[PDB]
Undergrad: 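Structure incoming, see below.
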There are 2 protein chains.
Amino acid sequence: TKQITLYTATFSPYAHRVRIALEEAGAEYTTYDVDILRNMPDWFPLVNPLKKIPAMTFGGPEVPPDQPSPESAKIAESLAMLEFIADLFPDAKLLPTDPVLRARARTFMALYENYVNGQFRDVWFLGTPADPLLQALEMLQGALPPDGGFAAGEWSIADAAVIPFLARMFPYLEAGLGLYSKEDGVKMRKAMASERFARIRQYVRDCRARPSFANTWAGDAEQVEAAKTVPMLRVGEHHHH
Amino acid sequence: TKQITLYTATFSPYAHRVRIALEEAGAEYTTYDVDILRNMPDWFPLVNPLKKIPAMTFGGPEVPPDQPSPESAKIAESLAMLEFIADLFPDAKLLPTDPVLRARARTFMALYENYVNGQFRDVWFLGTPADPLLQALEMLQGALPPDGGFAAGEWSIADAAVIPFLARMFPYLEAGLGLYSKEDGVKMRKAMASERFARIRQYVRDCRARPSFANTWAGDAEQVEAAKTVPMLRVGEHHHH
Ligand SMILES: N[C@@H](CCC(=O)N[C@@H](CS)C(=O)NCC(=O)O)C(=O)O
Ligand SMILES: N[C@@H](CCC(=O)N[C@@H](CS)C(=O)NCC(=O)O)C(=O)O
Ligand SMILES: O=C(c1ccc(O)cc1)c1ccc(O)cc1O
Ligand SMILES: O=C(c1ccc(O)cc1)c1ccc(O)cc1O
Ligand SMILES: [Ca+2]
């Protein structure tokens with residue numbers, strides 16, 4: 001019964017993770033956009049002292065999201081929100097019940113967070129070399145069940161954690177977004193269309209086909225435009241190695 | 001009934017996390033040391049293809065740890081193992097039952113992994129300036145309940161995740177182990193003894209006082225000697241400015 005408010009931004013893959021889980025849970029919830037990278041409201045540190053999107057409030061009296069209540073619980077960090085939503089909506093089975101299959105989901109999230117995410121960040125925002133990102137993506141692909149299905153078999157929050165980043169990769173590459181070189185752009189586009197990455201392409205299609213993705217995605221072109229508002233994606237800058 | 005084998009190393013804070021949780025669970029389990037950084041056994045990629053410690057096998061036939069069975073479940077990533085042990089031993093209450101308090105536990109783990117661990121790595125392995133690490137520790141300290149207790153109130157896996165790193169900090173500093181300069185070593189020792197950090201000292205004492213720590217710690221001097229075997233800690237080497 002307690003209210004859920006998610007503070008979000010269209011460009012943000014971290015916020016996207018939590019919208020997907022809330023959709024899969026069938027939750028009632030409010031979203032409120034925050035211009036976190038160019039014009040943070042003065043009240044925003046009340047919902048997240050770290051000044052990051054996403055932010056979540058839970059419970060407390062019903063109030064406008066720009067008038068946050070001190071009585072609501074303030075939850076930070078997208079992966080902690082994913083586990084929270086699973087805990088709140090057990091009947092939605094957002095994690096397996098088998099402990100080993102649950103561990104597959106948790107391991108997949110850790111593999112993404114510890115080895116892949118930083119490579120997406122460094123290639124796109126610093127223009128570091130693409131080969132380590134492709135190696136990390138092949139490792140992640142290797143953890144998927146080979147015959148099809150999601151990270152832990154049935155869909156889980158592990159797939160909410162990862163699809164925002166993988167689904168952005170393809171249209172960002174096609175639009176030439178990112179500080180990496182022309183040569184590394186060609187390399188990544190060829191690699192991601194090659195047989196080496198067939199399995200992760202199927203995974204991306206399977207995740208994108210679910211309503212939870214459709215209903216939380218602005219469209220490829222529109223997401224590309226939101227990403228162009230990110231200050232660190234300085235247009236006309238490229239790094240070469 | 002299903003066997004647990006943890007592949008370990010004394011120097012490793014990541015392995016230490018999991019030993020602490022297994023002790024708090026009252027689990028029956030085997031530990032097997034692996035010289036992962038200097039002389040990895042050729043069978044080790046059968047239990048963890050990432051070639052990292054810790055590694056875990058679960059179930060399958062009882063076999064010597066250096067003869068792992070392909071029938072056992074292979075579990076990687078220390079935080080996934082922590083959540084796995086909580087799932088396996090629900091009566092041990094390794095997480096709260098209340099969803100909001102569970103989320104405090106998960107947020108505290110994410111704060112450490114996302115903002116603190118990489119600063120420890122920079123300072124100790126690269127000798128980068130200490131101020132960003134002290135800032136990150138002050139943030140983590142701020143997430144603790146100010147009047148006492150563990151990260152989520154009662155002890156949880158969040159405290160297993162973090163105490164291996166905080167507990168190494170003080171004796172490593174006293175030994176001057178790590179690539180930072182004497183000047184930054186003095187600065188960190190003074191800061192960690194000052195009233196600014198009284199709350200995190202109380203937290204370290206409170207975690208260390210539990211049997212799960214005593215039974216998984218070699219002693220300060222012994223832990224320092226094991227850390228000196230870590231190539232990346234470059235014993236006798238320091239970077240300046
Ligand atoms: N680990 C955080 C990362 C969130 C994050 O980095 N969000 C970006 C937007 S995509 C942000 O808010 N940046 C503002 C800042 O860093 O000051 C999470 O998983 O929720
Ligand atoms: N995210 C991993 C980190 C494990 C890790 O980095 N272990 C180190 C020593 S404590 C290691 O085994 N390194 C071997 C390697 O990187 O190849 C975990 O949480 O379990
Ligand atoms: O730009 C990215 C990004 C995300 C996924 C991907 O496949 C390529 C680039 C990004 C990554 C993290 C973030 O907080 C914001 C971002 O815009
Ligand atoms: O050297 C460390 C370490 C751990 C805790 C601390 O307070 C300072 C340094 C270390 C050693 C091994 C490793 O795999 C990771 C590490 O951060
Ligand atoms: Ca595989």
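Below, chains carry the letters A, B, ... as their sequence lines are ordered, and counting in each starts from 1. Atoms within a ligand are numbered from 1 in the order they appear, just like the ligands themselves.
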Undergrad: Considering non-hydrogen atoms only, spot the tightest contact between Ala55(A) and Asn48(A) and give its length.
TA: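 Between these two residues, the closest heavy atoms are CB-CB, 3.8 Å.
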Undergrad: Have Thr57(A) and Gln3(A) got a donor and an acceptor in their side chains that come within less than 3.5 Å?
TA: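 Looking only at side-chain atoms, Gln3(A) and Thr57(A) do form a donor-acceptor pair, the distance falling under 3.5 Å.
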Undergrad: Under a 3.5 Å threshold, I'd like every N/O contact between ligand 2 and protein atoms, with atom names and distance.
TA:
residue  : atom   : partner   : partner atom : Å
ligand 2 : 1 (N)  : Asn114(A) : ND2          : 3.4
ligand 2 : 1 (N)  : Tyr115(A) : OH           : 3.4
ligand 2 : 1 (N)  : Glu77(B)  : OE1          : 2.9
ligand 2 : 6 (O)  : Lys52(B)  : NZ           : 3.3
ligand 2 : 7 (N)  : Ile53(B)  : O            : 2.8
ligand 2 : 12 (O) : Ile53(B)  : N            : 2.9
ligand 2 : 16 (O) : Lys52(B)  : NZ           : 2.6
ligand 2 : 17 (O) : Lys51(B)  : O            : 3.2
ligand 2 : 19 (O) : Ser78(B)  : N            : 3.4
ligand 2 : 19 (O) : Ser78(B)  : OG           : 2.6
ligand 2 : 20 (O) : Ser78(B)  : N            : 2.9
ligand 2 : 20 (O) : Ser78(B)  : OG           : 3.4

Undergrad: Specify whether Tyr7(A) and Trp43(A) have parallel, tilted or perpendicular ring planes, treating 30° as the upper limit for parallel and 60° as the lower limit for perpendicular.
TA: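 Ring orientation, 0 to 90° scale: tilted.
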Undergrad: What number of protein N, O or S atoms occur at distances under 3.0 Å from the Ca ion (ligand 5)?
TA: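 The number of such protein atoms is 1.
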Undergrad: Would you kindly say whether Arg199(A) and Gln202(A) are connected by a side-chain donor-acceptor distance under 3.5 Å?
TA: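 No, because no side-chain N or O of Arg199(A) sits under 3.5 Å from a partner of the opposite role on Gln202(A).
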Undergrad: Just by distance, do the side chain of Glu77(A) and the backbone of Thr107(B) share a donor-acceptor pair under 3.5 Å?
TA: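 Checking the backbone N and O of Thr107(B) against the side chain of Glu77(A), no donor-acceptor pair under 3.5 Å is found.
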Undergrad: Just by distance, no angles: are the side chains of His239(A) and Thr128(A) close enough, under 3.5 Å, to form a donor-acceptor pair?
TA: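 Looking only at side-chain atoms, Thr128(A) and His239(A) do not form any donor-acceptor pair under 3.5 Å.
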Undergrad: Which heavy atom in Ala160(A) sits nearest to a heavy atom in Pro164(A), and how many Å separate them?
TA: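 Nearest pair, atom of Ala160(A) first, then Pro164(A): O-CD, 3.1 Å.
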Undergrad: How are the rings of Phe165(A) and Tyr112(A) set to each other: parallel, tilted or perpendicular (split at 30° and 60°)?
TA: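 Aromatic pair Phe165(A)/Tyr112(A) classed tilted.
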Undergrad: So, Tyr29(A) and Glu23(A): side-chain donor and acceptor under 3.5 Å apart, yes or no?
TA: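 Looking only at side-chain atoms, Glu23(A) and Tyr29(A) do form a donor-acceptor pair, the distance falling under 3.5 Å.
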